[PDB]
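One structure is given below, encoded as structure tokens.
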Amino acid sequence: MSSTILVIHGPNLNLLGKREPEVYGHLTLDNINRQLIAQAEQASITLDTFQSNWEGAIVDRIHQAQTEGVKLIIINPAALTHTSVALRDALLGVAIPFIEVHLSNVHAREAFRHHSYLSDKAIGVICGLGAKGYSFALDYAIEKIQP
Amino acid sequence: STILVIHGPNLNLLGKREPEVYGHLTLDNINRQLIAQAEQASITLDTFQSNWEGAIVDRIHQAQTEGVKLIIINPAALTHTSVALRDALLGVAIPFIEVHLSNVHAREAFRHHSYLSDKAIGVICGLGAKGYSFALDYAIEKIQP
Amino acid sequence: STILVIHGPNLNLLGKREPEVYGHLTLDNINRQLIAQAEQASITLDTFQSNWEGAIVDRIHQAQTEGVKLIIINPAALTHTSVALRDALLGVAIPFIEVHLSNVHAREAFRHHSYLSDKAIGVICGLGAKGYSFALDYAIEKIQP
Amino acid sequence: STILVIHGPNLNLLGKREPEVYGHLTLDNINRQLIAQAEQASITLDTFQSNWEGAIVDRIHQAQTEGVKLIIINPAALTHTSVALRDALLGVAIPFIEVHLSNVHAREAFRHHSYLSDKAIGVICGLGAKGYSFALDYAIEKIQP
Amino acid sequence: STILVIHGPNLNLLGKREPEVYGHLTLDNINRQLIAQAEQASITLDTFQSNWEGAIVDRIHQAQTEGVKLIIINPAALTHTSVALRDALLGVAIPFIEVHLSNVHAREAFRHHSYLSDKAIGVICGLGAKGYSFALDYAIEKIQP
Amino acid sequence: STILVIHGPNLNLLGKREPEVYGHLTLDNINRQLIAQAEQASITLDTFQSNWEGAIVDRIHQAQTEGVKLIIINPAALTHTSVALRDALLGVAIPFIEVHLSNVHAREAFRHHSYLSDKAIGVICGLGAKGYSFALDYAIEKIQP
Amino acid sequence: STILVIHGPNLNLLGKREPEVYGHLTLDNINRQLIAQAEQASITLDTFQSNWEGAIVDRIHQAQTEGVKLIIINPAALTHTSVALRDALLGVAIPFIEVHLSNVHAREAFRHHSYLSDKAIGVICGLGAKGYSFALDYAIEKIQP
Amino acid sequence: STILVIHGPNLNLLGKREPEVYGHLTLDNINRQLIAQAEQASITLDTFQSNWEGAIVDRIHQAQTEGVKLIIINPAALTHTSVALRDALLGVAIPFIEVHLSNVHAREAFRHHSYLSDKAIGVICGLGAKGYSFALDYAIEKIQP
Amino acid sequence: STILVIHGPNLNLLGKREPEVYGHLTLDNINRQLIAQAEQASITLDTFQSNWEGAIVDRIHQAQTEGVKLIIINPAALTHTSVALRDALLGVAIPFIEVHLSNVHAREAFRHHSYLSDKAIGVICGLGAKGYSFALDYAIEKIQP
Amino acid sequence: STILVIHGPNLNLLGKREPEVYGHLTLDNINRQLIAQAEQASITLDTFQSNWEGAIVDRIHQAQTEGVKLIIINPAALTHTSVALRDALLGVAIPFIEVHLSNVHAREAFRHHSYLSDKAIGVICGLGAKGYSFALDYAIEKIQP
Amino acid sequence: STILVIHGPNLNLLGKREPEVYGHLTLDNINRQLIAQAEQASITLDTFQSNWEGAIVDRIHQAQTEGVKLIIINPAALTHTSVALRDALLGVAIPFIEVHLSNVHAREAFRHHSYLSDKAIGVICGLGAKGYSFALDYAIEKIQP
Amino acid sequence: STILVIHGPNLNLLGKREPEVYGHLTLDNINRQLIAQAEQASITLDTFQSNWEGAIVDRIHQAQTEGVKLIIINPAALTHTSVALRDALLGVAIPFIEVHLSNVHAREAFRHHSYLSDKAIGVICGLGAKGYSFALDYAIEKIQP
């Protein structure tokens, strides 16, 4: 249809809260989505979400966003951040600026996770603050679009 | 007790080209071999192949809901490139064994790095199709002594 | 004899995002011209674009089945990252020419490395849509001298 | 203090040169906003800035004595250079959030390496002054039930 | 409007030794072809070859006085070593297309880096003589739309 | 037809410190399993262990003058350090299969590199002692179908 | 017009260790010479030395408020380590010349890298005290045509 | 005084936060022990700690004027970052012994590198408080044979 | 043997190599001094030297069974090359201290690396023969408070 | 002659195209200024420029037979590639100062390395033509105090 | 010519500067000795020296037209830089032995790389002038057993 | 006595596997030639070969006490791994020439690095068994000019 913000979630994040809950909390992707949908609605901003484990699905969704009139994308590419040049060219290709978000501190883990094909082109980046990182990106986008 | 064999991209091509230069062994040959071996020891064994990274990730996820207890995976070229495959296998926490037909260490330098090997139980490479069989032998004996 | 021309991810945006930013030609324009050129030399020419690696890998496997003699391929981003794509081209043993509209060596440091270039016949970067025509020119003269 | 905010070297220069170059917003404005944001949640917040590494390390030792529960630190250039600052934070074991006005990844490559980011709870870069608010929003959620 | 085609060191040997090694094609054959194509568009086309970096640098300075609009260069070995040549081409500010007969990415690692590729309009490698004629083609359209 | 099994330095300590560290299983147990498995298939089998690189290199030269058809080797630490061992194996042209009890990819970075893996038929790390068995089972089929 | 000369850490020791190691050329001598030189063109010249990175950064910040037209700086050690100094010079936007008594390229490898040189107008190294003079001469020229 | 002990940043924390994790030993305890050992030898021993790199350089220069014969220095984090500290010790030409409480090699890779180690007499890491005593012991024998 | 002191290759040469440039103290002299210090603390001490890697490994295994509580080792050249030496010390689980006569950081860059440093309690280098005394001294305190 | 100024490749372009782009200052004007400055102090000064590396090496050899005491060399691009030129200046043992008109450190990364700088007395880069004047001033001063 | 000796840049200096310090031997003497040695074997030997890369490359082309059977070359500094020299030698396909008067492995790091060594028959370095005689001895033995 | 020829590991296999691979030339053939050649000049020549790093180190220590003036050594695989062997040669301070039968530079990348070449008088590789003769020839004129 049309939606001012677009939240994207990369591969594996559908698994939030589905293992032994005693391992990574009880907070699910749908919990996160509800929260972002509420927040956006309280500001009278249209918002839309997408998640997939398939890179070209995400790439298609980004192309579709250009036609739907999206102004900002909030993206947690999960593992795609270290590997996907197509993802970066898609974002650049459509010239929709974006904020990169990670639930975990990516700098605290393996060394290959320090490198990102997206960070240098983001407005900015939030890693390690869990769910609230998405909320903060939204907070920031709402202030850029409708002061 | 279910085991899942995941074959990665391009493995469906086994045998097609020229059987004389490259062997006559197909992807189904290998599957029939392991299905037989797993019936012999009364294990439920399931198998999967795809050229699409996303299909494989959706397959590892389904494996958690199905109560799989070990994955024997030959990720082919995805061994060198996919963090998404690692984070699936770790996310669902089914232990795995990495297998390759050919000796990856004897080829281009870039084939010497893996995003999977460090998190497998173990790795067999360069022993042809019997390497899958050895993985399943390890798996049968780990799962039901 | 068939030549297949393959466009990698994002090349479907050609033209659409900012006429000002890049060459007015669109992906369909490029494909029209190419077909016409190969009709003018009596050669069957199929085309294909996808944003999904596995879709491209599948297309290459089919190309073997269809008896395609040469692949002209612009992998776009996948040149820097896809070993799957490499092993599909190598596996079916169809020769290929790599094309890019822009000069990759002028862009960021990571775009200087390829998983395809070293196994291509040659490469053409930075000469815009004519890169495709030159590749095709070269392919016609290889097949029917 | 419950929250201490620390600003590294050259942050005092915000807004000073050419008020039509990088905005009018000063360090004192930023501080003003954070003290009031924390007044609104009945949290006591202090702030500190210096161009001298040693003064910052002293300030962090004093935070331990003052009973500070969390530190919000934009270490500026010292992110890339100062192991002493990392060891001041580990030694007093006060958790911290790292904050950067600009996007250090968009800047030249020596600025992609940090000595603090791995030991932080999290990091916020490139959202300008609102980065500090977000840090403070998180810290308040974490400290009061 | 004049195009200048420069040929680097050792290219004078083309087709001179065991014409079953790198073919029967000579340097002078490449030039007949290019002059044919340039005359056919009524464009003046001059050619040059030497094994001496200086003769090439001087030749590029002369091109500036002669009103050369575009240069087609196969630097050969100099592509990997000559900053002097990069600086001449830049000093005179005449746009250039880099051309190599063979696939430079298929040979040793030291041949993958170039002191010119990043400042060229674009690059052609791997397609023999035709790579030159493709560059000329593009040059003629650039000068005479 | 003889197979020689070769264990490198430190493997003589298997199950020699606190039976709760790496099982009850000793180096002798492994050899026994392996000589038994080889009696079953009428293959004669020789074993050898040493902490001394030169003793192992003499053992490999010895294998040549005894007509040993294949070598199963766990070079332990020497996999990362000894080009003398590589050149021993290459020098006598006896095929080998490299085996490790642990997953060497799951350890320190320096254990990723190897002076043997690229010249072996293939490699098995991480499957415990069953690794040696599996290499034997492969060795037996190649030597007598 | 003010010109600021800054001398970094350890430059206070010039001439103090051994009546020969690099002359009796002391810091006061150098400063006096520079003060004389600037007088003769009615330039106000400030000097400043410290062993504390943060005092040097303060001093450059104070330059902006003094309307300083150009800085002549010898950061000693701090060239190779201080990102704060770089961001100070850039934040205030006063152009500077980098000066070094010794030839930093003649010594250990770690002295070849500088966090300043790329942002300086230019650099003089290896020419002893006179480099400060040359830098001044240049500064006088650039400020008063 | 004859001997100077310099303690770098954060060493004032020794035995504060968590008595149990790093034990009950303080920096005052270490200085008490060392002063008393120097008293048995009739050698004068001064001590110094600071969080500020400039204080530490200033105290080294000040050591030259006091006729200090040898310096036992524990730079803590500054060992990996500070060339100004190197150049201070080299400038005053007072030989020195680097001491560290913890095993610096057992920790993150960045801690293995140092700007002082190659210019010390020797280095003691990992042996706790006794490390300073051993260096003082050695230093006493260098001045009292 | 409560303490075992091991010396690696080439250390047997201390002394006779022209004892006026590098002079006098021999390996036997260091052992006398060591054995005397241990008698004086009523603790038993064995010593070992060899130029054969395998023999030093063999001794470290014999130290497990002899009940040695702590190893003091100067591997000399083996510290840079031998991961078998590392794995044997880990195998037997005997805590150790690494000693070098000379400052290893003051020489060639290859000598900066060690396969033992990070698993030693501590390291002492550059302080000549007294570095073994210091190590012994420390060990005596650890085994007998 | 007493002093020799050597200009490398491309420097003959100065002020020839779009003189405003980089200044109405020709190599000829620089030489004129230099010759007069030398004449002021009764020093004879020969000048030289080439684009041919061999011409420059012959000339440096000729300087030895002519008794040249010091060379001032702007090697331009040859600073990054030519070890022959390094070896020419060393073989004849004439000290030299390196000059560049632009800040080479501000450019592409491959210009950070030089085969001359470490053996020059010093280096001046970024100061335009005045760099050569400063070199000469220094040279004149050292040759006749 | 049957054999051709080639001397690269700067070798013409041999024995021309303070011969009692840098040694008496000239290039003419080396040539005189190889021409006599060749005379004894009834082999014709020519010799060439130049400081110009392109002169050397031209001479290697001519060698082909003269039917030279083996080249002995001391490329001197060009060994580290000239890809054009390697492609000349490979392009005419005349086998060659690389010689160096001095041990290049004893010099700076960058004298470790060579663009020719790996395509030579072999290499002799550091045996002075006799290096050339041994190359000639080997060469006479190869052309006529 | 006086001259000693050392062969490293695996050279005992010369000639022995398949007389039509690398020739019929044995380690004895080599030694005999060298012994005759040295008899002809009134020098006694020793020879020694081992597959054990320590036998070689011992042999070198022995050579010190037998008044050996020069070593000719082919360390074979040990050139790339043994610091111990380097430290022996330097320890006893007997000059040495490094020899290899094959062009070590034409093989794998790891074989370019050596822990010996930089300390040898010179090095000869790729000239077969004559390399030894050439090294002896040189050695004789060094000992008996």
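In the structure tokens, chains take the letters A, B, ... in the order shown, each chain's residues start at 1, and ligands count up from 1 in the order shown.
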
Enumerate as number ranges by chain the residues belonging to chain E that approach chain K to within 9 Å, with only C-alpha atoms taken into account. E: 9-10, 13-14, 16-17, 50-54, 76-78, 80-81

Among chain B, which ones does DSSP assign to strand (DSSP E) (computed from the backbone)? Answer as a PyMOL selection string. chain B and resi 2-7+44-49+68-74+96-100+122-125

Could you write out, as a compact mmCIF listing (two decimals) with C-alpha atoms, in the first residue's frame, all the residues of stretch 55-134 of chain J that DSSP marks as alpha helix (DSSP H)?
# COMPACT_ATOMS: atom_id res chain seq x y z
CA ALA J 55 68.51 9.24 -17.89
CA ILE J 56 68.32 10.08 -14.16
CA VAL J 57 70.64 7.18 -13.17
CA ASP J 58 73.27 8.15 -15.76
CA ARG J 59 73.04 11.72 -14.46
CA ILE J 60 73.52 10.68 -10.82
CA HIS J 61 76.55 8.61 -11.91
CA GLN J 62 77.96 11.70 -13.77
CA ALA J 63 77.53 13.77 -10.61
CA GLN J 64 80.23 11.57 -8.91
CA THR J 65 82.77 12.22 -11.65
CA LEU J 78 59.81 7.33 -9.06
CA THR J 79 59.88 7.65 -5.24
CA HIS J 80 57.31 4.85 -5.05
CA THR J 81 58.74 2.41 -7.66
CA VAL J 83 65.00 0.86 -6.38
CA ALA J 84 67.49 1.49 -9.19
CA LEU J 85 67.36 5.19 -8.21
CA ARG J 86 67.83 4.46 -4.48
CA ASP J 87 70.81 2.32 -5.50
CA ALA J 88 72.20 5.07 -7.77
CA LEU J 89 72.30 7.64 -4.93
CA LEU J 90 73.86 5.04 -2.57
CA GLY J 91 76.43 3.66 -5.03
CA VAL J 92 77.87 7.14 -5.52
CA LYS J 130 59.45 26.99 -1.93
CA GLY J 131 60.32 23.41 -0.88
CA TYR J 132 63.28 23.40 -3.29
CA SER J 133 64.42 26.84 -1.95
CA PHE J 134 64.38 25.48 1.58

Show me, as an mmCIF file with C-alpha atoms, in the first residue's frame, the residues that have an atom within 6 Å of residue A:125 when counting only C-alpha atoms, minus same-chain residues fewer than 5 positions from it.
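Listed below is the output, selection28.cif:
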data_model
loop_
_atom_site.group_PDB
_atom_site.id
_atom_site.type_symbol
_atom_site.label_atom_id
_atom_site.label_comp_id
_atom_site.auth_asym_id
_atom_site.auth_seq_id
_atom_site.Cartn_x
_atom_site.Cartn_y
_atom_site.Cartn_z
ATOM 1 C CA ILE A 99 19.236 2.989 10.344
ATOM 2 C CA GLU A 100 21.041 -0.312 11.156
ATOM 3 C CA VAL A 101 20.019 -2.100 14.359
ATOM 4 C CA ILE D 124 24.938 4.218 19.409
ATOM 5 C CA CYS D 125 26.550 6.106 16.491
#

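Near residue E:121, within a cut-off of 7 Å and counting only C-alpha atoms, sit the residues residues 126 of chain C; 95, 96 and 97 of chain E, with same-chain residues fewer than 5 positions away left out.
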
When you get a sec, could you note down which chain A residues fall within 6 Å of chain B, using only C-alpha atoms, as a PyMOL selection string? chain A and resi 53-54+79

Take the residues from that selection and write them out as a short mmCIF file (atom, residue, chain, number, x, y, z; two decimals), in the first residue's frame, keeping C-alpha atoms.
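Written out: result32.cif:
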data_model
loop_
_atom_site.label_atom_id
_atom_site.label_comp_id
_atom_site.auth_asym_id
_atom_site.auth_seq_id
_atom_site.Cartn_x
_atom_site.Cartn_y
_atom_site.Cartn_z
CA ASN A 53 15.47 -15.95 5.77
CA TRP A 54 15.97 -15.41 1.98
CA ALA A 79 23.92 -12.18 9.56
#

Find the residues around stretch 28-33 of chain F up to 8 Å (only C-alpha atoms counted), leave out those fewer than 3 positions away in its own chain, and share them as a list in words. residues 25, 36, 37, 47, 129 and 133 of chain F

Would you save the residues from that selection as a short mmCIF file (atom, residue, chain, number, x, y, z; two decimals), in the first residue's frame, using C-alpha atoms?
data_model
loop_
_atom_site.label_atom_id
_atom_site.label_comp_id
_atom_site.auth_asym_id
_atom_site.auth_seq_id
_atom_site.Cartn_x
_atom_site.Cartn_y
_atom_site.Cartn_z
CA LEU F 25 40.65 -44.53 26.12
CA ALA F 36 41.57 -56.05 14.95
CA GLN F 37 39.64 -54.20 12.25
CA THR F 47 51.58 -48.95 14.12
CA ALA F 129 39.03 -42.50 17.71
CA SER F 133 38.62 -46.51 12.06
#

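In this structure, atom CA of residue F:15 sits 25.8 Å away from atom CA of residue F:109.
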